[PDB]
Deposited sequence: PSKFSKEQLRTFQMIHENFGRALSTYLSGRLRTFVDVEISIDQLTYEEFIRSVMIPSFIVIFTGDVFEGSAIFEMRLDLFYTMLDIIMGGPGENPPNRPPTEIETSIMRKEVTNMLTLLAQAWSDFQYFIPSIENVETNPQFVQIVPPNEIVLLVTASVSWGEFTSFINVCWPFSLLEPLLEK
């Protein structure tokens, strides 16, 4: 089938809610302030997701040994620059420099690892960042009409609220969908 079943969605909801809790603790420690995270999932076409991403943005294309194909970890630039500023102790809306992406790549590797830990009992993997892009219109990892599981993490602290989205293409998740 081309779409995710109801029960399969619930499994992914629980997995990513675990991710959400680990992420909250992670970001709270990095930003040294209480950061709340609320997870919500949905399934839609890849086209819909990519068209919703701001230009520019911080798009991390990643994979895992145990997967075949890529997935996307996207972070809004307002969060990206706010996080970086705090970690560095130093937003600009323009696309990030190579230095800024390199510093934030380390943070993303940490967050992807937490994601993998949440996926432990179902399909544990070691994340590998394949590419980093700043323009969503240049990102077409799978066909437009293909369905994708979109995990949205609403990240907030104080009066700031932003997002981190993980896009899991149906084609990538198909085999685990089996067992």
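- Residues of the deposited sequence with no modelled C-alpha atom fall in a single range, 91-94.
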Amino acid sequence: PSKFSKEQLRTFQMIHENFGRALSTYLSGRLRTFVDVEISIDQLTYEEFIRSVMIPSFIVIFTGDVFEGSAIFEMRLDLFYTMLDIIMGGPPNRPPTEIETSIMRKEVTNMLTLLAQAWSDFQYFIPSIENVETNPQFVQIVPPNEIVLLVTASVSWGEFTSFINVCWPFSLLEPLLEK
From here on, numbers count along this sequence of modelled residues.
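- Mean CA B-factor, 98-106 versus 81-89: the higher value falls on 81-89.
- On average the C-alpha atoms of 28-36 have higher B-factors than those of the other stretch, with 28-36 and 54-62 being the two compared.
- When the C-alpha B-factors of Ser70, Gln137, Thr113, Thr45 are read from the PDB record, the largest value belongs to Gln137.
- When the modelled residues of the chain are ordered by their C-alpha B factor, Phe12 lands in the middle third.
- Per the deposited record, the Cα B-factor of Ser171 falls in the highest third when ranked against the other modelled residues of its chain.
- Looking at the C-alpha B-factors along this chain, the one for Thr152 belongs to the lowest third.
- Among the modelled residues of its chain, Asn165 has a C-alpha B-factor that falls in the lowest third, as given in the PDB entry.
- The entry lists a Cα temperature factor for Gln117 that places it in the lowest third of the chain's modelled residues.
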